[PDB]
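Just so you know, we're using our numbering here: the sequence shown kicks off at 3 and counts up by one.
Here is the structure we will look at.
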Amino acid sequence: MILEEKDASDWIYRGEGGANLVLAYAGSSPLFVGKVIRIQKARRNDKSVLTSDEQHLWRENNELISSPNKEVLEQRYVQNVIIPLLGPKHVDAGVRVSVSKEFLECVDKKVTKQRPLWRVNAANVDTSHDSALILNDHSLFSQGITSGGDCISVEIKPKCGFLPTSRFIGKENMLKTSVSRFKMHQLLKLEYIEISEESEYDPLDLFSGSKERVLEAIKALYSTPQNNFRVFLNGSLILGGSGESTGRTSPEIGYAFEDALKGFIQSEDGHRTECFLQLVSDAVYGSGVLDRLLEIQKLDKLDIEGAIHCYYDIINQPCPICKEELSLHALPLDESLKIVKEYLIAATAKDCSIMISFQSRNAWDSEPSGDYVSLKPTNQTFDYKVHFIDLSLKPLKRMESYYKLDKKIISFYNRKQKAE
Ligand SMILES: O=P(O)(O)O[C@H]1[C@H](OP(=O)(O)O)[C@@H](OP(=O)(O)O)[C@H](OP(=O)(O)O)[C@@H](OP(=O)(O)O)[C@H]1OP(=O)(O)O
Ligand SMILES: Nc1ncnc2c1ncn2[C@@H]1O[C@H](COP(=O)(O)OP(=O)(O)O)[C@@H](O)[C@H]1O
Ligand SMILES: [Pb+2]
Ligand SMILES: [Pb+2]
Ligand SMILES: [Zn+2]
């Protein structure tokens with residue numbers, strides 16, 4: 003009920019986003035076996051729980067606005083906003099837990115060394131929170147170690163899988179119409195020395211509903227995981243960046259990963275990787291869990307270039323974009339809230355990741371799961387579960403920047419295009 007300083011030694015690095023630092027449990031209180039603990043970071047970058055405007059916007063959802071702390075905020079967002087929309091099956095809201103400041107200071111220091119320096123430069127554990135999330139550790143197949151034996155699990159951060167169709171995209175940005183944001187964004191990150199080569203992954207393939215472009219995408223992901231692909235053997239990273247995007251999959255890494263699957267994917271040395279990929283493909287496509295996610299993403303109906311206007315209507319600032327639509331600004335406040343609301347939900351949808359956890363089917367289940375892929379090649383039936391993670395609520399103020407970022411993206415992509 004309260005994690006104290008001595009508990010710190012029981013949690014071990016697992017990874018981090020920009021916002022939270024996630025530790026896997028290494029101790030043995032039934033309380034925490036198979037759980038991860040998600041700890042909010044204090045960005046020196048960004049500087050109660052909800053702003054004025056935000057209370058307005060999330061008004062529909064009172065449970066949100068009357069939240070004591072940010073931990074409890076996420077929880078309710080996930081529980082009341084996300085779940086009805088994504089289903090409770092594959093989403094879990096987390097269980098709050100009290101933490102002492104010492105514990106957090108303690109954990110922070112204990113893991114510093116395993117964190118990417120740039121992450122550290124950017125934020126630490128926000129030692130002023132009294133709360134933290136305990137989640138199930140989806141890199142292990144099911145909650146209470148009755149282990150159905152080993153578990154390979156794969157995290158994918160799909161990002162956005164569709165092209166805008168909006169009536170509100172500038173004349174110069176019409177390219178957003180053709181080229182996925184992911185692909186356009188690569189060029190910039192590359193420019194900002196945030197990645198070391200363009201990724202081969204195209205979300206359009208992943209979300210395309212085409213079994214075959216889906217496989218294509220999984221292969222991309224494998225080749226250039228950046229921050230989009232990770233693979234855990236029993237809770238241990240065996241492919242992908244640790245709390246950051248990683249580099250192209252060299253032969254050295256490739257080999258390590260190949261080696262890492264022995265026994266789980268039961269094929270000839272050097273063939274487990276292609277089987278595993280195929281396996282991953284079939285679980286994703288067959289589960290059709292993507293479509294549902296996509297539906298949420300598509301709640302960005304008008305595109306930042308659309309939504310951005312509503313933002314300013316909502317925060318009661320004159321619109322900086324229009325200078326000296328006849329259309330969007332004619333919207334009842336009520337209608338505008340909706341649009342901006344759904345935008346931020348779509349935001350969430352766009353940046354979450356799926357984890358799929360694998361396991362050799364087990365002819366002892368008290369109820370035979372309904373999800374399994376059957377690997378032709380190796381004649382192995384795997385059971386899988388899907389879950390969505392990192393379903394954060396996006397700060398309303400962020401609309402300003404969403405706009406500028408997106409503007410930046412499209413302009414730089416246009417510039418590099420003119421290079422003909
Ligand atoms: O630090 P990064 O590895 O680049 O990850 C960030 C981060 O996502 P996570 O922190 O959940 O990984 C941003 O979210 P914050 O954590 O900063 O709140 C998210 O920004 P939004 O979700 O607000 O859009 C952003 O994605 P994007 O570049 O689409 O803004 C994404 O960067 P990449 O996904 O591009 O790496
Ligand atoms: N429920 C979970 N089970 C296993 N690993 C997780 C879970 N949640 C997060 N992680 C690991 O921690 C990473 C970062 O946590 P995340 O929730 O993405 O924080 P942020 O959103 O701040 O980046 C995830 O990509 C994943 O590798
Ligand atoms: Pb994340
Ligand atoms: Pb996040
Ligand atoms: Zn406007």
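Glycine included, every Cβ here is placed at the ideal spot set by N, Cα and C.
| Asked | Found |
| --- | --- |
| Roughly how many angstroms separate the alpha carbons of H331 and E344, rounded to a whole number? | 17 angstroms |
| With respect to 7 angstroms, is the separation between the Cβ of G249 and the closest non-hydrogen atom of ligand 3 below this value? | no |
| Using C-beta distances below 8 angstroms, list every residue in its chain close to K161, excluding the 5 sequence neighbours before and after it, in chain order. | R183, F184, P205, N230, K352, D353 |
| Give a yes or no on whether the C-beta atoms belonging to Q361 and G151 are separated by under 8 angstroms. | yes |
| Excluding sequence positions up to five away, which residues of its chain have a Cβ less than 7 angstroms from the Cβ of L339? | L59, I316 |
| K410 lies in the alpha helix (DSSP H); which residues open and close that run? | 400 to 420 |
| Do you know whose CA, among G96, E174, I84, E214, lies nearest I41's CA? | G96 |
| Give me the residue from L189, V93, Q77, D367 with the minimum Cα distance to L135. | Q77 |
| Confirm the yes/no value for this check: CB of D353, any heavy atom of ligand 1, distance under 7 angstroms. | yes |
| Name the one or two DSSP bridge partners that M357 has. | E157, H389 |
| Skipping 5 residues on each side, what residues in its chain have a beta carbon closer than 7 angstroms to that of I158? | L223, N230, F231, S355, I356 |
| Quick one: measure Cβ to Cβ for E246 and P118, integer angstroms, because I've assumed they're closer than 8 angstroms. | 4 angstroms |
| Can you tell me which residues fall inside 7 angstroms of ligand 5, judged by beta-carbon distance to its nearest heavy atom, and keep chain order? | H311, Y314, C321, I323, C324, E327, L330, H331 |
| What do you reckon, are the CB atoms on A125 and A44 nearer than 8 angstroms? | yes |
| Among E402, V93, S394, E62, which one has its Cα closest to the Cα of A21? | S394 |
| Could you check where the alpha helix (DSSP H) with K185 kicks off and where it finishes? | 183 to 193 |
| Is it a yes or a no for the stretch 83 to 94 touching the stretch 102 to 113, going by three-plus beta-carbon pairs under 8 angstroms? | no |
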